[PDB]
Structure formats: C-alpha cells, structure tokens
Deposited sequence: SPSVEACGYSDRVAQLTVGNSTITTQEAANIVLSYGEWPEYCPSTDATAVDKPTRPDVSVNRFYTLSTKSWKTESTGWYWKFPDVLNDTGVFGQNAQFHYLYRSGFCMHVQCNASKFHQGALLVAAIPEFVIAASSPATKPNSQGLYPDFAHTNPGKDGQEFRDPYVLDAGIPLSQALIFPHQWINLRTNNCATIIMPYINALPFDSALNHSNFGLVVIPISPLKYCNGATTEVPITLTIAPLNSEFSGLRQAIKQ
C-alpha cells in the first residue's frame, strides 16, 4: 500500500532513474492507447515507429530562482523539431500520442521549495491586456523546446486560478520530499488524430508555489529538467515535411 521512492522509467533506448519519486500520476486513470478502429476516422494505415519515437527526450533545463514565476511547454510542440518524432510529426498531417512527462529538480536537504508540475489539456494561453495586444504571439502559444516563462502564474496566463490547477493531472516537487515528478498522460482530444503542428494537446506547467530558499553556501543553481517520452505515437497522412 506504499509508493516506493525509487523508480525506473524505461521506454525505447532511454532509462530514467529516480530515488526520490512520488508515485507516478496516471492522468485520468487511462494509459495511452493506440486508436481503436471503432474510434478511427482516417483510412490510411498509421505508422507506429515504436522505439524510435516513444522514448525519453530531455529537452530543456530551466534554472529555478527565488523570483522564478514558472515555465510552460506544449507537448507536441516541444518535440516537433526533435528526433524521429519531430520528423514523423512534420511528414505526417495526423498524429496521436500520449506522453510520460518526467520533470527533474533535485536540491540538497538544506534547500526548500515546492513546484507544481501539471499537465493541462487544451492549455489556451491568454494575453494580458491593459487589438494587437489582445492575443498572445506564437512564441507564447507555442514556445517550443525552450518553454516560456510565466507572466502571471497566479492566473496560469489563462485567467484561471493557479490554485485550481490541481484539477489537472499534477504532481508536486517538494524539495524535502521528492526530486522528480512523473505524469503519464493519454491522448486527449475531441478527434482521434490531429495535427502535431497546429494543435497542442496539453500544456506542461512547472510553477514554483513555495519559492526556492537556501542559505549562503548552498548551490545557487538549482536546475529544472523536462524529460518527456511519447507513448503510442501514431502518424498518418504522409506528405511533404511541414515545419
């Protein structure tokens, strides 16, 4: 009835080890699955490049600071230019996949701070208006491999309260308790397949709720690393590669 603190996530040729895990989250209780013929609409045979796309891609490292507001990624976008996934996502019009998102932030037993790591389906980013300034630019809606610093983490840059972001599949990285956060997310969409370039199925938020405090002499550079692995990646609609 316990959750073991050690965990090894192995998919493809990648293996992630953690010795301070906090009970991997299975989003909405549903593992990622391939598209059943009952729910499929496209008639072309999907490609399933199992081990070449379903694997842990370490994509970005963000230095957690005391004044850090948080960062967010978009799951397909953060991989659309990386490895055989990005190539399959560019050459194919249709794509579906789940992901295993492993956020890594380790610090000493003398550092403190909690991060809210949440996977937000359909994370539409808002623009803060005091018109051109009414809609966010593409850099804020699709930040790519690098992610985007939160402007207003309180409202999730979406007008919705951060305190209720726990309604989404989430974990915490409380530095005293765990150094990683693992969210397994199935494919959520109103469509069986969708464009990996046009549509971002999930947002990947990492917001410091309790700020990083340490004392003089502690390692000041506490990084936050995002490692995500597609799961059950299907691609259909082969054509010329579009970026």
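Stretches of the deposited sequence lacking C-alpha coordinates, numbered from 1: 1-7, 138-142, 256.
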